[PDB]
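[1] Coordinates for the following, if possible.
(11 chains, ligands or ions: 5)
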Amino acid sequence: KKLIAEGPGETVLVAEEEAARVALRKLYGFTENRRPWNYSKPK
Amino acid sequence: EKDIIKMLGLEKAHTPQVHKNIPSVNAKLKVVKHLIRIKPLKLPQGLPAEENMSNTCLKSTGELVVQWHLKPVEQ
Amino acid sequence: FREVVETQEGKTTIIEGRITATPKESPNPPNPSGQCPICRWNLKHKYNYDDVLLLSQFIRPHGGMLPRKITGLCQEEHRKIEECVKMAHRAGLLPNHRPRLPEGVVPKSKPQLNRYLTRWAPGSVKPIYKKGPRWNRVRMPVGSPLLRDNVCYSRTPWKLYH
Amino acid sequence: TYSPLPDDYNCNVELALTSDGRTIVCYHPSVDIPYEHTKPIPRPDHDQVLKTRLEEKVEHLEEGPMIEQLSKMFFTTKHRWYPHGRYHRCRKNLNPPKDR
Amino acid sequence: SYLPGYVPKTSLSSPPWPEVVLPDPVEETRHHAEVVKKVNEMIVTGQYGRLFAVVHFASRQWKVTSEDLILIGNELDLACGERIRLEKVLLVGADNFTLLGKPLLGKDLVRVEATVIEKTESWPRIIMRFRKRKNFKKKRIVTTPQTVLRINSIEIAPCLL
Amino acid sequence: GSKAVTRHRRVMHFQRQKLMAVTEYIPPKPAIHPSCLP
Amino acid sequence: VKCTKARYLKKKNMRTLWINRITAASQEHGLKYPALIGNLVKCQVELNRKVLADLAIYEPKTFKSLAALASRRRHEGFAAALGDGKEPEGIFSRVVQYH
Amino acid sequence: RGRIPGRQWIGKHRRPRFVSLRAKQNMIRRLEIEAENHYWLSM
Amino acid sequence: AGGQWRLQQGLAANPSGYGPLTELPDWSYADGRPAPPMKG
Amino acid sequence: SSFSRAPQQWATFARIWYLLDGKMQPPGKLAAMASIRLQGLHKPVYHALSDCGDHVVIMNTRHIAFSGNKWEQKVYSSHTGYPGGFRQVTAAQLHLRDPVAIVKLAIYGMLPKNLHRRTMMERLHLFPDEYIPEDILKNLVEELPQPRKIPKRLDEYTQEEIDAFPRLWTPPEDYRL
Amino acid sequence: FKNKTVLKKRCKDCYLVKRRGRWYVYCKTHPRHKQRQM
Ligand code: FES
Ligand SMILES: [K+]
Ligand SMILES: [Mg+2]
Ligand SMILES: [Mg+2]
Ligand SMILES: [Zn+2]
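    Numbers count the residues shown, from 1 in each chain, chains lettered A, B, ... in the order given. Ligands and ions are numbered 1, 2, ... in the order given. Sure, the structure comes next:
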């Protein structure tokens, strides 16, 4: 009873599959808003 | 009226110009008093000197300040 | 208040009058120096046509206005309340102050049109068939000019002509 | 208990100023939907001797009836459904730019 | 005993809007310090992902994030590949917090860097004037210098006190 | 054009119309209507 | 000639679009457009309408914070106007001076 | 119906122009500026 | 918007006028060196 | 939001269904609310060519209320195009003939005067009574607040409210009333 | 009923009444006194 992910869709089946993808992105650290890749010269 | 605006250097609108507060100048200003805004120049820190000529700013209050740091006030 | 009963007994009519319970003004008005009920309670400019609690105190059981000599209102306030009651009746906010109907009279079914802030009597107003130019537009009055001085909480003043 | 806006729909806004007073700090964490406020997904949708067959009742409609059906289905006017001429069809860019 | 200004409840006795009671300034100053400390700790511990910022550059404001491109409508007098800092940051935002300048954020708080990646010219812009019946017609073509900048990084430091 | 004196009320220049509007008599309003006081 | 004069309308229309979009976003938070723009200025927030419209679409949490800030400054104005000068200036009403 | 004879804003019979609230406020705003101009020209 | 309010605080009616938003340098070299002064 | 591109686009541009209750409400205020929603002007992503308008369902249109004497004074004018075809009917007459016409006409006049208008009108669903088709009822998302607060009748006031309002004057005991 | 811009009572029995949105002069003694507001 705790929300892990939410997904939109044009059908309940499509929405559910998208919600699973959203959950996987969060679990693996590939969220759209993740820290960008650091291209700065190594220290 | 067109002619006096040119004489006073007021061709460009919203551009402050400084003029001497003397009868002759006032006589011109009165002809075009309906076209202009007149405010007194205030010198809170006195007249600019040679050292601070390049660091002056005319504020909207009419005060000509002789230091312009572009910094917040520590106070 | 005073009631009157007409009882016919033994082919004889006896007209009597009895004094019923009379309501009393609430104690300690906030403005004792007021010269009328309205300004004694700081209500001037602060009531509208829908304030039936206020309006209902100055009307008869059948919806008619009470005399100014009895209520004690000033001419200005009496006229404001009088117009407000007309608008309250027309809006349907006084369903228990309907006109007295003689025995055997049942009004026919009439079309129900919800309305409010009605200055004029519906039957006395004509259609605006010709609106006129923008610079001479015939307007539809809304509300009453008597209430023009009412407290305005918006920056736009009350529009009385639509 | 003062809140400038209701906090129950989008995020919980907390406004603060730094000690110097030169920066406005806005802490706005997301509000998750409560489980109680959700519905269950509607998963729920003989001796036949003959194999069941999938029959496509295409029932091709006429232009008028077809356009009426489409206009009602998508709540549009009929006009969008009518064809366009070659002049307009051939002006359309079939390889338009794509921003991202 | 009714108060001197008591008005019986009517539709116009009081204003339509609800009454608002603002927090006690002393109590709120303490709450503000707590909020700032919480957000500062998020910066120290790196509890933020991608950042965006609103930067004033070339007279206008740009909402930018890392890996972005912006087209400056003038020449910047910088060689291609040169890295620069954008010093006028009005806003820096994260998923869970946003910092607002008054009007500009301190240079210690946020650092936005960018790289010149192209110096070019705009496509030709037609300037034509025409007045009917006056033999009045003139055509001019102008190309305006442009500079493309790539936003390399938006970095924030734990300097909220 | 029309003469300075006409049989009808001549239309005013808009600037003069505005001048008249801005210079209308405003009567003194008392804080409390005098009929509401002893 | 049309292409030349259209440069004026592009700027005009662009700004009408931002105001419409900002108005929509403000109404979602119970604020009218003039209250947001006016009160943000009084907080020394110089965000322009182009950025504000972009924030409404792509940064809705930040925009609610900006709407909340404007609303807070708006309420402080009312309290000050109601007061007779006894009250100190609101916390968000204090202006940072630059000399 | 509702024609204005001839041209609208010239001649004997004209379209009536009315003074709006903001038109009044605009004039008063400039009257205040000129009133102050009088003062600063007095010394 | 806000022109009258800014004037009341001693600021330019237009925020494009004098002040740090306009006059301060737009950019500097990533290594620290200051940029040449802006033409405006 | 970390949504795939197509679901993300679908969500932003989706059509919301709104319910509006017209009982005791002036049609103009109803129309003003419906016009914004039908156009999409309540969305920050609004654009004229985005076709992002929503559905508006207005019920109880038979019970709309005009202020003043608009029932008697307001006239709706039409022309059949034939000689002598000019027709003028009052709002009261039109309302009894067509219980949705008044709200429909108020909305139609407020929408932009362009080719999108009739498309927007297809997304407007007017019902004269509380009855709404089951399909329309199942798709509703949010009900909009009524623009006009309905004033209470004197018979609807609780005795607490009546007691709270002071008696303002003392009638003479010997008045018949 | 004769249309009149200015309504005047012509005898003691004349009585002014406002009906259907306009003023009327009614007289039972002399029905010729009846006037309608124009
Ligand atoms: S005496 Fe005060 S309003 Fe009548
Ligand atoms: K003319
Ligand atoms: Mg002449
Ligand atoms: Mg003509
Ligand atoms: Zn007579």
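[2] quick one: the strands in chain D?
    Ranges of strands in chain D, per DSSP state E, are D:14-17, D:23-27.
[3] how about the helices in chain F?
    Using DSSP state H, the helices of chain F run over residues F:14-22.
[4] which ones are touching the residue nearest the centre of it?
    Centroid check for chain F by Cα atoms, centre = their mean gives residue F:24 as the closest residue, at 3.6 Å. Contact analysis of residue F:24 by Cβ atoms under 8 Å, 6 or more residues apart in numbering or on different chains lists nothing. Yep, even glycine has a C-beta here, placed from its N, CA and C like the rest.
[5] Could you measure from it over to residue H:32?
    17 Å (Cβ to Cβ, to the nearest Å).
[6] Residue H:39 too?
    11 Å.
[7] so which of the strands of chain D gets nearest chain G?
    strand D:23-27 (3.8 Å; Cβ to the nearest Cβ).
[8] Can you spell out which helices and strands pack onto that closest one?
    For strand D:23-27, the packing partners by 3 or more Cβ pairs under 8 Å, 6 or more residues apart in numbering or on different chains; DSSP states H and E come out as strand D:14-17, helix E:25-44, strand E:97-101, helix G:60-82.
[9] just the helices in chain J please.
    Going by DSSP H, chain J shows helices at J:5-12, J:27-39, J:70-73, J:91-97, J:101-110, J:117-122, J:134-138, J:159-164.
[10] Report the buried residues of the second one.
    What that stands for is helix J:27-39. J:27-28, J:30-31, J:33-39 (16 or more other Cβ atoms under 10 Å in any protein chain shown).
[11] The first one too?
    Within helix J:5-12, the residues scored as buried using 16+ other Cβ under 10 Å are J:7-8, J:10-12.
[12] same check, this time on the fourth one
    Taking 16+ other Cβ under 10 Å as the neighbour-count basis, helix J:91-97 is seen to contain the buried residues J:91-95.
[13] So which elements touch it?
    helix J:70-73, strand J:75-79, helix J:101-110.
[14] Looking at these, which one is packed in the most?
    helix J:70-73 (a mean of 24; mean count of other Cβ atoms under 10 Å in any protein chain shown).
[15] Determine if any part of that one is in contact with chain C.
    Yes - residues of helix J:70-73 are located near chain C by Cβ under 8 Å from any Cβ of the partner chain, namely J:70-73.
[16] Just want the residue of chain A that's nearest chain I.
    Per Cβ to the nearest Cβ, residue A:40 is where chain A lies closest to chain I, at 10.8 Å.
[17] Now do that residue against residue G:42, distance only.
    Taking Cβ to Cβ, one finds residue A:40 at 39 Å from residue G:42.
[18] So for the two, which sits in the more crowded spot?
    Taking neighbours as other Cβ atoms under 10 Å in any protein chain shown, residue A:40 and residue G:42 compare with residue G:42 leading, 20 against 9.
[19] Tell me how many other residues surround the closest residue to residue G:78 other than its chain neighbours.
    Closest residue to residue G:78 apart from its sequence neighbours, by Cβ to Cβ, 6 or more residues apart in numbering or on different chains: residue E:20 at 7.3 Å. By other Cβ under 10 Å, the residues close to residue E:20 number 14.
[20] so residue E:20 makes contact with residue G:75?
    Yes - between residue E:20 and residue G:75 a contact is recorded at 5.0 Å, counting by Cβ atoms under 8 Å.
[21] what ranges do the helices span in the chain?
    This is for chain A. A:12-28.
[22] my bad, chain I
    I:3-8, I:20-23.
[23] Enumerate every residue touching the spatially most central residue of chain B.
    The centre of chain B sits closest to residue B:18, judged by Cα atoms, centre = their mean, with a distance of 4.1 Å. Residue B:18 makes contact with residue B:41, according to Cβ under 8 Å, 6+ apart.
[24] The closest residue to residue C:25 other than its chain neighbours: neighbour count?
    Closest residue in space to residue C:25, ignoring its immediate chain neighbours: residue J:170 at 4.5 Å, by Cβ to Cβ, 6+ apart. For residue J:170, the count of nearby residues is 13 (other Cβ under 10 Å).
[25] Contact partners for residue J:170?
    Applying Cβ under 8 Å, 6+ apart, we find residue J:170 in contact with C:22-25.
[26] Quick check: the residue nearest to the centre of chain F vs chain I, distance?
    If you measure residue F:24 against chain I using Cβ to the nearest Cβ, to the nearest Å, the figure is 26 Å.
[27] what's the answer for residue F:7, then?
    Taking Cβ to the nearest Cβ, one finds residue F:7 at 48 Å from chain I.
[28] likewise residue J:17?
    Applying Cβ to the nearest Cβ, the value for residue J:17 to chain I is 36 Å.
[29] For the most centrally placed residue in chain E, pull up the helix or strand it's in.
    Central residue of chain E (Cα atoms, centre = their mean): residue E:54, 2.9 Å from the mean position. Residue E:54 is part of strand E:52-57, with elements assigned from DSSP states H and E.
[30] Check which helices and strands that strand sits against.
    strand E:60-65, strand E:89-93, strand E:110-121.
[31] of all those strands, which lies closest to residue C:55?
    strand E:89-93 (54.8 Å; Cβ to Cβ).
[32] Give the partner strands of the closest one in its sheet and their orientations.
    Strand E:89-93 sits in its sheet next to strand E:52-57 (antiparallel), strand E:97-101 (antiparallel), going by DSSP bridges.
[33] residue furthest from the geometric center of chain D?
    Distance from the C-alpha centroid of chain D, by Cα atoms, centre = their mean, peaks at residue D:20 (46.2 Å).
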